Amino acid sequence: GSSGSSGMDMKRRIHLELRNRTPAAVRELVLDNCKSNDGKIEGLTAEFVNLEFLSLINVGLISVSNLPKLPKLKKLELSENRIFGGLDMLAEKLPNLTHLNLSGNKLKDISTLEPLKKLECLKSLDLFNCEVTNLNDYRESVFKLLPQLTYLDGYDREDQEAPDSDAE
């Protein structure tokens, strides 16, 4: 056996976290830098019924469609990926999602964030280095779209930075 790397597959990186417990025993799961099946998820399963945190950063993903239902997942990190929209699949899979980090994505329009209106629980969002952040008054154009949202790019609805002791 050997440690995970930027050449390891997502199903194989999921196996490296499952070496010690069942997927139903996992609260916090990290799958960063692993390889996807051409921008679709390969190994993730609905047995993660107790998962509250998921990280899939710099895996280079393009589509959220292969996500399982995760009824406890409050926090998802999908940064440094190739995703360009389709976030209505997050609204059905993750019905009480509070934190959604989408930095470095191919998000180009406020209309890519439109299906996040469904998630009445969504409290924090990140869009650092996204094309949608080049728009005129973009930060207000996200908050007017998603009136339930409290944080955008680590700052709040009042344009003040998040606390170090909380914001989790």
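Each reported figure results from applying straightforward, stated rules to the coordinates on display, with no laboratory input. Positions of Cβ are backbone-derived with ideal geometry, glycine not excepted, and every protein chain shown enters the neighbour counts.
I'm checking my understanding of the structure. Among residues of the range 42-59 that are buried (at least 17 other Cβ atoms within 10 Å of the Cβ) and over 21 Å from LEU125 (Cβ atoms), which one is nearest to the chain's Cα centre (by Cα)?
Residue satisfying both the conditions and the ranking: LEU44.
Under 6 Å between Cβ atoms, which residue pairs at least 6 apart in sequence (or on different chains) link something in the range 7-31 that is surrounded by fewer than 18 Cβ atoms within 10 Å (Cβ to Cβ) with a partner that is among the hydroxyl-bearing types (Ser, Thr, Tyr)?
Pairs that qualify, where the first residue is surrounded by fewer than 18 Cβ atoms within 10 Å (Cβ to Cβ) and the partner is among the hydroxyl-bearing types (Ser, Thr, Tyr), are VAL30/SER55.
If you take the residues in the range 25-61 that are not polar (S, T, N, Q) and not in a loop (DSSP other than H, G, I, E, B), which one is nearest to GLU168 (Cα to Cα)?
Our first condition is that a residue be not polar (S, T, N, Q); within the range 25-61, this holds for 25-32, 34-35, 38-44, 46-49, 51-54, 56-57, 59-61.
Narrowing the set further to residues that are not in a loop (DSSP other than H, G, I, E, B) leaves 25, 28-30, 35, 40, 53-54.
Working: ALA25: 21, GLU28: 13, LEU29: 16, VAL30: 16, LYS35: 27, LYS40: 27, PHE53: 10, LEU54: 13 Å.
Filtering the range 25-61 for residues that are not polar (S, T, N, Q) and not in a loop (DSSP other than H, G, I, E, B), the one nearest to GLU168 (Cα to Cα) comes out as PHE53.
Which one is nearest to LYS72 (Cα to Cα) among residues in the range 110-154 that are of a type in the set (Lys, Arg) and not in a loop (DSSP other than H, G, I, E, B)?
Out of the qualifying residues, it is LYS118.
Name the residues in the range 60-75 that are crowded, with 19+ Cβ neighbours inside 10 Å and either in contact with a helix residue (DSSP H, G or I) (Cβ under 7 Å, 6 or more places away or on another chain) or free of Cβ contacts under 8 Å to residues at least 12 places away in the same chain (or both), would you?
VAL64, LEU67, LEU70
State all residues of the range 62-98 that are in a loop (DSSP other than H, G, I, E, B) and of a type in the set (D, E, K, R); if no residue qualifies, say none.
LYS69, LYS72, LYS74, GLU80, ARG82
Has the range 4-16 got any residue that is within 18 Å of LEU61 (Cβ to Cβ) and in contact with a helix residue (DSSP H, G or I) (Cβ under 6 Å, 6 or more places away or on another chain)?
yes
Of everything in the range 76-115, what is of a type in the set (A, V, I, L, M, F, W, C), buried (at least 19 other Cβ atoms within 10 Å of the Cβ), over 18 Å from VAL49 (Cβ atoms) and out of contact with any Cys (no Cβ under 6 Å at 6 or more places or on another chain)? Give them in sequence order.
Of all residues in the range 76-115, those of a type in the set (A, V, I, L, M, F, W, C) come to 76, 78, 83-84, 87, 89-91, 94, 97, 100, 102, 107, 110, 113.
This time we only want the ones that are buried (at least 19 other Cβ atoms within 10 Å of the Cβ), so: 76, 78, 83, 87, 90, 94, 97, 100, 102, 107, 113.
Subset that is over 18 Å from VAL49 (Cβ atoms): 78, 83, 87, 100, 102, 107, 113.
Listed by number, the residues that qualify are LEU78, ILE83, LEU87, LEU100, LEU102, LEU113.
Return the total of residues in the range 105-136 being over 12 Å from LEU152 (Cβ atoms) and within 12 Å of the chain's Cα centre (by Cα).
Of the residues in the range 105-136, 1 are over 12 Å from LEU152 (Cβ atoms) and within 12 Å of the chain's Cα centre (by Cα).
Looking only at residues that are touching a strand residue (DSSP E or B) at 6+ places or on another chain (Cβ under 8 Å) and on the phi > 0 side of the Ramachandran plot in the range 120-168, which one is surrounded by the fewest Cβ atoms within 10 Å (Cβ to Cβ)?
For the range 120-168, the residue satisfying everything is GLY154.
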